[PDB]
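Have a look at the structure below, then the notes.
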Amino acid sequence: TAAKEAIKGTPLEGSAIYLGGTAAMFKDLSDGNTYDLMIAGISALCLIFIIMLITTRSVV
Amino acid sequence: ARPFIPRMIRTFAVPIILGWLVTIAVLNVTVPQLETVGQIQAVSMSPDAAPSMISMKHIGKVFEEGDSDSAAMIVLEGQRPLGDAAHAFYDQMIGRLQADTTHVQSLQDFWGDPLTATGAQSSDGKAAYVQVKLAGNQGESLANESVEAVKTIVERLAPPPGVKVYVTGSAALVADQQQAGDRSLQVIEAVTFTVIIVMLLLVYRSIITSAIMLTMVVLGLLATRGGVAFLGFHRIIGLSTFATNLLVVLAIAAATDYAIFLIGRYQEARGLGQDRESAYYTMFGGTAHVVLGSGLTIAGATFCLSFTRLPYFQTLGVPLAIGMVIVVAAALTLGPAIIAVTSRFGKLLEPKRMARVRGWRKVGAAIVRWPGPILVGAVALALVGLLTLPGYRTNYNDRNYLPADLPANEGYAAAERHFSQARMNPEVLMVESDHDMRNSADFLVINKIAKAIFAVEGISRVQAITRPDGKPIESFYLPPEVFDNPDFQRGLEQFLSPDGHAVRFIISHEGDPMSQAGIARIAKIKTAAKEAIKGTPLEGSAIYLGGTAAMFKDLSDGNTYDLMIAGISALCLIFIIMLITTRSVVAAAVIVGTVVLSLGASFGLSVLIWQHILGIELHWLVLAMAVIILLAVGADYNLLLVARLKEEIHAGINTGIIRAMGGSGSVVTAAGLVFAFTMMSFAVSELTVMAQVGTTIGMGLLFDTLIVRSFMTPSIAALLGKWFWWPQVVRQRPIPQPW
Amino acid sequence: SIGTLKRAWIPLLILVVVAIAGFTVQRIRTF
Amino acid sequence: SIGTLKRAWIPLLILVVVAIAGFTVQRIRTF
């Protein structure tokens, strides 16, 4: 954000900003981690609900 | 014996019918229509005490540019970079625009001066714009005819080849929105009339009873429309287009509820097995006080809506209250009279194939025996509705809720092809100090203010006297001999005050300036200016901010305070009318809690459907109209259901639940489905706002009628048992009588 | 007396509700 | 009808649950 507001007004407005390193990698992994934990939790809980529904024939 | 009011209405039925018809004819002949009296007697939509309106009036007063906030822009674009033909067209056009006085008062000529020409031209040179400040506040008629006059002045002449012209701005947006709302009421009305007629043929399964019920609704609607038009035309009360729209939709709602209530009670009474006269007298004695109390508590809530601080809601309460009084009077006198005269004319209103009653008694038998698990299921569906409610956003930009064929929209598209910003909706910041501002050090302070405003995250351009193009990214100095060149003097009259006691900056945002972020930016702008003036001899000035986003932030703050005020007033009136009706405080508390929970769950479900699945945000008028209409109708059906429940409790509480359900739930759900699908068929509209409002009301009331009022209130009643009627001492069941 | 408190409990309760409602609405009106 | 719905409520409920689950997972994978 600091780079993006630094290039404003000057004739490099609209350039491409690329950032890399260990910290950027770990931020991408953490964001992906929370979304993918949500996905895995949904799939696992749905499958447990399915197998308990076939086994017992009851929804409660 | 026999009560006096129904006997009086019954005996004198046809004089009442003829008198009502004559009154409706007089009010709809000698008085013009509601749209015309709304147009000629419109009001402003912003408060006079709002800081944005005060700032805009003060900016207009200091620079001597009128007393209006409305503005528009003229945009010229070409497939080639613009040349001297464009200059000649621009000079001639601003000459003929300055010729007009009674419609346009101000014109910010920027492209004429070569100093600010670079600030009034595109990067590639294939676009230019000029701002014109018109007459009349926004929401008034005068701004609309000013827009029409300026656009026909522009269109009257032929542009040079390769160069095209358009009108843009917020005034053009509201004028084209009024035009679009005028011309988009034919085919959606066709599908609405056919879905109403198929819904009534489904509910009543007859062509005669539907005809009488439509006669009831249309006569009540005409009477209400004529009465409100009479009271507004002779300047007794005030009116608005918003007021007439909400008035007509709530009038149709209340009229069809009362008509379905009276007809359903009469048909149930005749289906019990009694003759046609005592059936009329028992339906009167059953639902007349119900209609009276429901109509008066809706009228009281809508009157208490007038104690607020927003012009969208101040100007609405008295018209709704008066219109609801005419609706109650019509449904109480014209309704039973025409029911009586069509009853004794011959065989017209007949019960046939009564199968809803037995099914709803089966549902009542199901809810009595197992209140616990059914209550858990209904609360589970409610919690399904409620969990998406905390995540909810809004948008204030009205361009993306309109069809793309409007001339304002194609002007916006032409502006967006060459401009990377939202240059069509600027903001004006004035700083007013108590000394003359033609000085070099004060100019340094002005440059400091411009630089400080420029550094706010989201602000793309600031135009000042120091840097007219919009790039305050250099160190600035100015020798004092510049005060002799007449072109710099023209710039000084353009930017500074004529008396030299005020300075203005023109601010252009990034992306969408009417989004939530665009609302939040302006407080940071004012704060940045305030810490920019600290420590200078200019410290202690008056900072005014005007524009579209300032107006919308003011409206959103007023919206949330007004929502709290109207909610407290409405819930207190609901508690009061339940307290009179039941003589029970716990039943009133149960009903109020059920109403507020049902409203929250329904609005959450609507947010889930629109914002998450379809992918477009909701408006804020949709929330306002939804809560008003659903509050009114929910109070009505809840009062009728609770009154029918109270009516028979002496033969047990559980038997009371099943008998009240089989006697009232069918009528309540018939009215619910009819009005819900009538509002639901507005979804085919090319106007996005009214489609959103219609389908939000439709799905919310479907959730209200199918789950909350059918499976949650009787479950709580049967679960609490005889503690539903505290303080009154009532038995769970009567004394066990012998066989 | 207790007769004047238990025979007019509905009007007194309504009066308390309207009083606190008007107080709160007048308090929010000045915001 | 009533018979074909109450006879096979189990495969219908597994179908509805996996339908909503697939919709949600396909929504989250876009992120």
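Residues are named by chain letter and number: chains run A, B, ... in the order of the structure tokens, numbers start at 1 in each chain, and ligands are numbered from 1 in the order shown.
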
Rotated and translated chain D onto chain C by C-alpha atoms, as a CSV table (one decimal) with N, CA, C and O atoms, in the first residue's frame:
```csv
chain,number,residue,atom,x,y,z
D,1,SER,N,-53.6,3.4,47.4
D,1,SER,CA,-53.9,2.2,48.2
D,1,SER,C,-53.8,0.9,47.4
D,1,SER,O,-53.4,1.0,46.2
D,2,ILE,N,-54.1,-0.2,48.0
D,2,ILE,CA,-54.1,-1.5,47.3
D,2,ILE,C,-55.2,-1.6,46.2
D,2,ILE,O,-55.0,-2.0,45.1
D,3,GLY,N,-56.4,-1.2,46.6
D,3,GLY,CA,-57.5,-1.3,45.7
D,3,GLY,C,-57.5,-0.5,44.4
D,3,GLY,O,-57.7,-1.0,43.3
D,4,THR,N,-57.1,0.8,44.6
D,4,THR,CA,-57.0,1.7,43.4
D,4,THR,C,-55.8,1.4,42.6
D,4,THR,O,-55.7,1.8,41.4
D,5,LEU,N,-54.8,0.6,43.1
D,5,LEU,CA,-53.6,0.3,42.3
D,5,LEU,C,-53.8,-1.0,41.6
D,5,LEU,O,-53.5,-1.1,40.4
D,6,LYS,N,-54.4,-2.0,42.2
D,6,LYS,CA,-54.7,-3.3,41.6
D,6,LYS,C,-55.9,-3.2,40.7
D,6,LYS,O,-56.1,-4.1,39.9
D,7,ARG,N,-56.8,-2.2,40.9
D,7,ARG,CA,-58.0,-2.1,40.0
D,7,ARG,C,-57.6,-1.5,38.7
D,7,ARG,O,-58.2,-1.9,37.7
D,8,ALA,N,-56.6,-0.6,38.6
D,8,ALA,CA,-56.3,0.1,37.4
D,8,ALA,C,-54.8,-0.1,37.1
D,8,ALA,O,-54.1,0.9,36.8
D,9,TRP,N,-54.3,-1.3,37.2
D,9,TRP,CA,-52.9,-1.6,36.8
D,9,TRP,C,-52.7,-1.5,35.3
D,9,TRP,O,-51.5,-1.1,34.9
D,10,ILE,N,-53.7,-1.7,34.5
D,10,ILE,CA,-53.5,-1.6,33.0
D,10,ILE,C,-53.3,-0.2,32.6
D,10,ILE,O,-52.2,0.0,31.9
D,11,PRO,N,-54.1,0.8,32.9
D,11,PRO,CA,-53.7,2.2,32.4
D,11,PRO,C,-52.5,2.7,33.0
D,11,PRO,O,-51.7,3.4,32.3
D,12,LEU,N,-52.1,2.3,34.2
D,12,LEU,CA,-50.8,2.7,34.8
D,12,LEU,C,-49.7,2.1,34.0
D,12,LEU,O,-48.7,2.7,33.8
D,13,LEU,N,-49.8,0.8,33.6
D,13,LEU,CA,-48.7,0.2,32.9
D,13,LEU,C,-48.5,0.8,31.5
D,13,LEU,O,-47.4,1.0,31.0
D,14,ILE,N,-49.6,1.0,30.8
D,14,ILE,CA,-49.5,1.7,29.5
D,14,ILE,C,-48.9,3.1,29.7
D,14,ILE,O,-48.1,3.6,28.9
D,15,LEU,N,-49.3,3.8,30.8
D,15,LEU,CA,-48.8,5.1,31.1
D,15,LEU,C,-47.3,5.1,31.3
D,15,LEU,O,-46.5,5.9,30.8
D,16,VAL,N,-46.8,4.1,32.1
D,16,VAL,CA,-45.4,4.0,32.4
D,16,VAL,C,-44.6,3.6,31.1
D,16,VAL,O,-43.5,4.2,30.9
D,17,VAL,N,-45.1,2.7,30.3
D,17,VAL,CA,-44.4,2.3,29.1
D,17,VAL,C,-44.3,3.5,28.1
D,17,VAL,O,-43.3,3.7,27.5
D,18,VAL,N,-45.4,4.2,27.9
D,18,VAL,CA,-45.4,5.3,27.0
D,18,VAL,C,-44.5,6.5,27.6
D,18,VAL,O,-43.9,7.2,26.8
D,19,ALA,N,-44.4,6.6,28.9
D,19,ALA,CA,-43.5,7.6,29.5
D,19,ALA,C,-42.1,7.3,29.2
D,19,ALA,O,-41.3,8.1,28.8
D,20,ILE,N,-41.7,6.0,29.4
D,20,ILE,CA,-40.3,5.6,29.2
D,20,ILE,C,-40.0,5.7,27.7
D,20,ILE,O,-38.9,6.2,27.2
D,21,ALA,N,-41.0,5.3,26.8
D,21,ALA,CA,-40.8,5.4,25.4
D,21,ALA,C,-40.7,6.8,24.9
D,21,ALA,O,-39.8,7.1,24.1
D,22,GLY,N,-41.5,7.7,25.4
D,22,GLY,CA,-41.3,9.1,25.1
D,22,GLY,C,-40.0,9.7,25.5
D,22,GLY,O,-39.4,10.5,24.8
D,23,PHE,N,-39.6,9.4,26.7
D,23,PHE,CA,-38.3,9.8,27.2
D,23,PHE,C,-37.1,9.4,26.3
D,23,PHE,O,-36.3,10.1,25.8
D,24,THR,N,-37.2,8.1,25.9
D,24,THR,CA,-36.1,7.5,25.0
D,24,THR,C,-36.2,8.2,23.6
D,24,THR,O,-35.1,8.5,23.1
D,25,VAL,N,-37.4,8.3,23.0
D,25,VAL,CA,-37.5,8.9,21.7
D,25,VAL,C,-37.0,10.4,21.7
D,25,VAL,O,-36.3,10.8,20.8
D,26,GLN,N,-37.4,11.1,22.7
D,26,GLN,CA,-36.9,12.5,22.8
D,26,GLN,C,-35.4,12.6,23.0
D,26,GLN,O,-34.8,13.5,22.6
D,27,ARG,N,-34.9,11.5,23.7
D,27,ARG,CA,-33.4,11.5,23.8
D,27,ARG,C,-32.7,11.2,22.4
D,27,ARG,O,-31.7,11.9,22.1
D,28,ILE,N,-33.3,10.3,21.7
D,28,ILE,CA,-32.6,9.9,20.4
D,28,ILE,C,-32.8,11.0,19.3
D,28,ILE,O,-31.9,11.2,18.5
D,29,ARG,N,-33.9,11.7,19.3
D,29,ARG,CA,-34.1,12.8,18.3
D,29,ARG,C,-33.1,13.9,18.5
D,29,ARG,O,-32.9,14.7,17.6
D,30,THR,N,-32.5,14.1,19.7
D,30,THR,CA,-31.5,15.1,19.9
D,30,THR,C,-30.2,14.8,19.0
D,30,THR,O,-29.6,15.8,18.6
D,31,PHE,N,-29.9,13.6,18.8
D,31,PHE,CA,-28.7,13.2,18.1
D,31,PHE,C,-28.7,13.7,16.6
D,31,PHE,O,-27.8,13.4,15.9
```

Can you tell me, as number ranges by chain, what residues are no more than 7 Å from segment 285-294 of chain B when counting only C-alpha atoms, ignoring any on the same chain fewer than 5 positions away?
-> B: 258, 262, 328, 636, 639-640

Assign secondary structure with DSSP using the backbone only, and return the residues of chain A in helix (DSSP H, G or I) as a PyMOL selection string.
-> chain A and resi 2-6+22-56

Filtering to N, CA, C and O atoms, could you give me those residues as a compact mmCIF listing (two decimals), in the first residue's frame?
```
# COMPACT_ATOMS: atom_id res chain seq x y z
N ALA A 2 1.97 1.25 0.75
CA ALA A 2 2.86 2.40 0.76
C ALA A 2 3.48 2.64 -0.61
O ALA A 2 3.58 3.79 -1.05
N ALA A 3 3.89 1.57 -1.30
CA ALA A 3 4.41 1.73 -2.65
C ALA A 3 3.34 2.25 -3.61
O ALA A 3 3.61 3.11 -4.46
N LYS A 4 2.11 1.74 -3.48
CA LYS A 4 1.02 2.14 -4.37
C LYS A 4 0.65 3.61 -4.19
O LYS A 4 0.35 4.30 -5.16
N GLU A 5 0.65 4.10 -2.95
CA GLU A 5 0.43 5.53 -2.77
C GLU A 5 1.68 6.36 -3.03
O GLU A 5 1.57 7.58 -3.20
N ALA A 6 2.86 5.73 -3.08
CA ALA A 6 4.05 6.47 -3.46
C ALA A 6 4.13 6.72 -4.96
O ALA A 6 4.67 7.74 -5.38
N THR A 22 10.17 -14.50 2.01
CA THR A 22 9.65 -15.50 2.94
C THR A 22 8.33 -15.06 3.56
O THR A 22 7.40 -15.86 3.70
N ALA A 23 8.24 -13.78 3.96
CA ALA A 23 7.04 -13.28 4.61
C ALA A 23 5.84 -13.29 3.68
O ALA A 23 4.72 -13.62 4.10
N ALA A 24 6.05 -12.95 2.40
CA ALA A 24 4.96 -12.98 1.43
C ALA A 24 4.46 -14.41 1.21
O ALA A 24 3.25 -14.65 1.13
N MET A 25 5.40 -15.35 1.13
CA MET A 25 5.05 -16.76 1.02
C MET A 25 4.22 -17.21 2.22
O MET A 25 3.18 -17.86 2.05
N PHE A 26 4.63 -16.82 3.42
CA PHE A 26 3.91 -17.28 4.61
C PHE A 26 2.54 -16.62 4.73
O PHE A 26 1.60 -17.26 5.23
N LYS A 27 2.39 -15.37 4.27
CA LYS A 27 1.07 -14.75 4.28
C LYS A 27 0.12 -15.45 3.29
O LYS A 27 -1.05 -15.69 3.62
N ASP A 28 0.63 -15.79 2.10
CA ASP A 28 -0.20 -16.54 1.15
C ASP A 28 -0.59 -17.91 1.71
O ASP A 28 -1.75 -18.32 1.58
N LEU A 29 0.36 -18.60 2.34
CA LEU A 29 0.06 -19.89 2.95
C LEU A 29 -0.95 -19.78 4.09
O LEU A 29 -1.80 -20.65 4.25
N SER A 30 -0.89 -18.70 4.89
CA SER A 30 -1.84 -18.58 6.00
C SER A 30 -3.26 -18.29 5.50
O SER A 30 -4.23 -18.86 6.02
N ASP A 31 -3.39 -17.42 4.49
CA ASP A 31 -4.71 -17.16 3.91
C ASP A 31 -5.29 -18.43 3.28
O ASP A 31 -6.45 -18.81 3.55
N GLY A 32 -4.47 -19.12 2.48
CA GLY A 32 -4.90 -20.39 1.92
C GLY A 32 -5.23 -21.40 2.99
O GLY A 32 -6.16 -22.19 2.83
N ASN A 33 -4.52 -21.36 4.12
CA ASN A 33 -4.78 -22.27 5.22
C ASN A 33 -6.17 -22.07 5.80
O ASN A 33 -6.88 -23.05 6.05
N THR A 34 -6.57 -20.82 6.04
CA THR A 34 -7.89 -20.65 6.65
C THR A 34 -9.01 -21.02 5.67
O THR A 34 -9.97 -21.71 6.07
N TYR A 35 -8.88 -20.67 4.38
CA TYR A 35 -9.93 -21.07 3.44
C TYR A 35 -9.98 -22.59 3.26
O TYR A 35 -11.07 -23.18 3.19
N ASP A 36 -8.82 -23.24 3.24
CA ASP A 36 -8.78 -24.67 3.00
C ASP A 36 -9.19 -25.47 4.22
O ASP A 36 -9.75 -26.57 4.08
N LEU A 37 -8.92 -24.96 5.43
CA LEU A 37 -9.48 -25.56 6.63
C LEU A 37 -11.00 -25.50 6.61
O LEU A 37 -11.66 -26.46 7.01
N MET A 38 -11.56 -24.37 6.14
CA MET A 38 -13.01 -24.30 6.01
C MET A 38 -13.54 -25.35 5.03
O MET A 38 -14.52 -26.04 5.32
N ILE A 39 -12.87 -25.50 3.88
CA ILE A 39 -13.30 -26.48 2.87
C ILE A 39 -13.24 -27.90 3.42
O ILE A 39 -14.19 -28.69 3.27
N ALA A 40 -12.12 -28.25 4.06
CA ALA A 40 -11.94 -29.60 4.59
C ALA A 40 -12.92 -29.89 5.71
O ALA A 40 -13.44 -31.01 5.81
N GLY A 41 -13.20 -28.90 6.57
CA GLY A 41 -14.19 -29.09 7.61
C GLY A 41 -15.58 -29.34 7.07
O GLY A 41 -16.29 -30.23 7.55
N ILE A 42 -15.97 -28.58 6.04
CA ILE A 42 -17.28 -28.79 5.41
C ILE A 42 -17.39 -30.20 4.84
O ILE A 42 -18.35 -30.92 5.11
N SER A 43 -16.37 -30.62 4.07
CA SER A 43 -16.43 -31.93 3.43
C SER A 43 -16.44 -33.07 4.45
O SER A 43 -17.24 -34.01 4.34
N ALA A 44 -15.60 -32.97 5.48
CA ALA A 44 -15.52 -34.03 6.48
C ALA A 44 -16.80 -34.13 7.30
O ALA A 44 -17.31 -35.23 7.54
N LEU A 45 -17.34 -32.99 7.75
CA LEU A 45 -18.57 -33.03 8.54
C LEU A 45 -19.76 -33.51 7.72
O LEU A 45 -20.61 -34.24 8.24
N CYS A 46 -19.83 -33.14 6.43
CA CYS A 46 -20.90 -33.67 5.58
C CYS A 46 -20.79 -35.18 5.42
O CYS A 46 -21.80 -35.88 5.48
N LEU A 47 -19.57 -35.70 5.25
CA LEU A 47 -19.42 -37.15 5.09
C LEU A 47 -19.74 -37.90 6.38
O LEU A 47 -20.32 -39.00 6.33
N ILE A 48 -19.37 -37.34 7.53
CA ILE A 48 -19.74 -37.96 8.81
C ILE A 48 -21.26 -37.96 8.98
O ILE A 48 -21.84 -38.96 9.43
N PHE A 49 -21.92 -36.86 8.60
CA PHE A 49 -23.38 -36.82 8.64
C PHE A 49 -23.98 -37.88 7.72
O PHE A 49 -24.95 -38.55 8.10
N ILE A 50 -23.40 -38.07 6.54
CA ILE A 50 -23.90 -39.07 5.59
C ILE A 50 -23.79 -40.47 6.18
O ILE A 50 -24.77 -41.23 6.17
N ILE A 51 -22.62 -40.84 6.71
CA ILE A 51 -22.43 -42.21 7.18
C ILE A 51 -23.28 -42.48 8.42
O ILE A 51 -23.84 -43.57 8.58
N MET A 52 -23.43 -41.48 9.30
CA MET A 52 -24.33 -41.65 10.43
C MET A 52 -25.79 -41.73 9.99
O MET A 52 -26.61 -42.35 10.68
N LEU A 53 -26.13 -41.13 8.85
CA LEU A 53 -27.51 -41.19 8.38
C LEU A 53 -27.82 -42.54 7.75
O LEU A 53 -28.92 -43.07 7.93
N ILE A 54 -26.88 -43.12 6.99
CA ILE A 54 -27.09 -44.48 6.48
C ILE A 54 -27.11 -45.50 7.61
O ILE A 54 -27.97 -46.39 7.64
N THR A 55 -26.19 -45.38 8.58
CA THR A 55 -26.07 -46.40 9.62
C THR A 55 -27.32 -46.47 10.51
O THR A 55 -27.84 -47.55 10.78
N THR A 56 -27.82 -45.31 10.95
CA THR A 56 -28.87 -45.28 11.95
C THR A 56 -30.25 -44.96 11.39
O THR A 56 -31.24 -45.12 12.11
```

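When atom CA of residue 682 of chain B is paired with atom CA of residue 214 of chain B, their separation reads 19.4 Å.
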
Counting only C-alpha atoms, which residues of chain B come no farther than 8 Å from chain C, as a list in words?
-> residues 307, 308, 309, 561, 565, 568, 569, 572, 576, 579, 580 and 583 of chain B

Skipping near chain neighbours, those fewer than 3 positions away, what residues fall within 8 Å of residue 382 of chain B using only C-alpha atoms, listed as JSON, numbers by chain?
-> {"B": [378, 379, 385, 386, 597, 598, 601]}

Could the residues in this selection be saved with C-alpha atoms as a compact mmCIF listing (two decimals), in the first residue's frame?
```txt
# COMPACT_ATOMS: atom_id res chain seq x y z
CA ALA B 378 -38.71 -23.75 13.77
CA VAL B 379 -35.96 -22.15 15.87
CA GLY B 385 -31.83 -17.32 8.73
CA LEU B 386 -30.05 -15.30 11.43
CA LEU B 597 -37.04 -12.36 15.62
CA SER B 598 -39.12 -12.96 12.49
CA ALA B 601 -34.53 -13.79 10.17
```

Per DSSP on the backbone, what are the strand (DSSP E) residues of segment 525-604 of chain B, as a ChimeraX atom specification?
-> /B:542-547
